[PDB]
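*Asks:* Got a structure for you, questions after.
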């Protein structure tokens, strides 16, 4: 045991496969906000969602356009990539999710729709948790679909909780609790509720009865319950940002997350300053707020050239998609905010 046996540490890069998604400067989209043609995935393709749809692995990748030059801020839209094996992908030439002239225009224009996480219910409802970015405030929002093409936007996930106290709260990166039912990964119901880990600067736990309206759990003082916080001198010393949906295992609820390392003595000098390395935490299956154990070293780190340097020069392995397909686990992640890559974990040797 290099890591505790509850951890899914053995994620390996499949040979000659990565990047699975790269920018395409030739594809075009008519943007309903810009009211003009946009090369919607021409600068960077990263931070992806992943789910199983009709026997295929579907990756919904965050794509940034060339609306500005270099440093200049761009719009995020989601591309659609599909695979039969989870390694080789085909792509749609238009985005499937983007800012539009809809009920969410004040919250999504001009930054767009970022960093999605998708999970599906037992009855086939795909639930997407993403960031709304209007360059003023980041908000965690909900969208649902049955085919991953036609999406219904419901707005911020914490809009109604405690009389609308957190509607203007800076939120993002949500990991819904899922479980395997007859080899199929579905949204899990614990104590008659739905559960999620969410956060960037710390991890909070939120619950729902309808998958649309989420309620952040609060302490005695009415402040967010922090079940995971950054740790000084560790790889997750700056940020503890939730990764893909959480998965219930025989040992408890497994949460795969992204740790940002602080620059200097406040971080872990063994890992690159300001880089994102992936970690894992184990929570109690009956009480998802109860932490059992956590990795003190990352299980996944930037190793390839496209992982170590890109739009984000300190590098990332920003884990955000996780699927169980043909008896293996496929982990989809952003590479230095520029590419999409996959790692494979075979739990059966």
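Positions of Cβ are backbone-derived with ideal geometry, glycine not excepted, and every protein chain shown enters the neighbour counts. Read-outs: derived from the displayed coordinates by stated rules, not from any lab.
*Asks:* For the peptides 199-212, 144-157, what is the packing order when you average, over each peptide's residues, the other Cβ atoms within 10 Å and list the highest mean first? Show your work: numbers first, answer last.
*Replies:* On the way: 199-212: 19.4, 144-157: 17.0.
By packing density, highest mean first, the sequence is 199-212, 144-157.
*Asks:* Per residue, how much space in cubic angstrom lies within the convex hull of the C-alpha atoms of the stretch 1-128? It would help to have the intermediate numbers written out before the result.
*Replies:* Numbers: hull volume 21.7 nm³, N = 128.
Each residue corresponds to 169 Å³ of Cα convex hull volume.
*Asks:* Write down the Kirkwood hydrodynamic radius of the stretch 182-239, to one decimal in angstroms, obtained as one divided by the mean of 1/r over all alpha carbon pairs. The partial results should precede the final answer.
*Replies:* Numbers: mean 1/r = 0.0758 Å⁻¹.
Value: 13.2 Å, from the Cα pair sum.
*Asks:* Still on this structure: Which order do the peptides 31-39, 105-113 come out in when sorted by mean C-beta neighbours inside 10 angstrom, highest first? Working shown, then result.
*Replies:* Details: 31-39: 14.3, 105-113: 20.0.
The densest-packed peptide leads the list: 105-113, 31-39.
*Asks:* For 139, 62, 13, what's the fewest-to-most ordering of other Cβ within 10 Å of each Cβ? All intermediate terms of the calculation are to be shown ahead of the outcome.
*Replies:* Numbers: 139 25, 62 30, 13 15.
Exposure proxy ranking, most exposed first: 13, 139, 62.
*Asks:* Using only Cα atoms, locate the centre of the stretch 324-349 and the centre of the stretch 12-82, then give the distance between them in Å, rounded to an integer.
*Replies:* 18
*Asks:* Additional query: What length, rounded to one decimal in nm, is gained on full extension from residue 149 through to residue 71, with 0.36 nm per residue of separation minus their alpha-carbon distance?
*Replies:* Full extension from residue 149 to residue 71 adds 25.0 nm.
*Asks:* Over the stretch 232-349, what lengths in whole Å, largest first, do the semi-axes of the equivalent ellipsoid take, defined as the square roots of 5 times the eigenvalues of the alpha-carbon gyration tensor?
*Replies:* Numbers: eigenvalues 113, 73, 22 Å².
For the stretch 232-349, the semi-axes come out at 24, 19, 10 Å.
*Asks:* Starting from the Kirkwood Rh over alpha-carbon pairs, what translational D in µm² s⁻¹ does the chain have by Stokes-Einstein at 25 °C and 0.890 mPa s? Please list the in-between numbers first.
*Replies:* Numbers: Rh = 20.0 Å.
Estimated via Stokes-Einstein, D reaches 123 µm²/s.
*Asks:* For the chain, what does the relative contact order come out to in percent, with C-alpha contacts under 8 Å and a separation of six or more?
*Replies:* Details: 1014 pairs, mean separation 55.6, N = 349.
This gives 16 percent for the chain.
*Asks:* Could I have the simple spin-label model distance between residue 217 and residue 105, label points 7 Å from Cα toward Cβ, reported in nm to one decimal?
*Replies:* Modelled inter-label distance: 4.0 nm.
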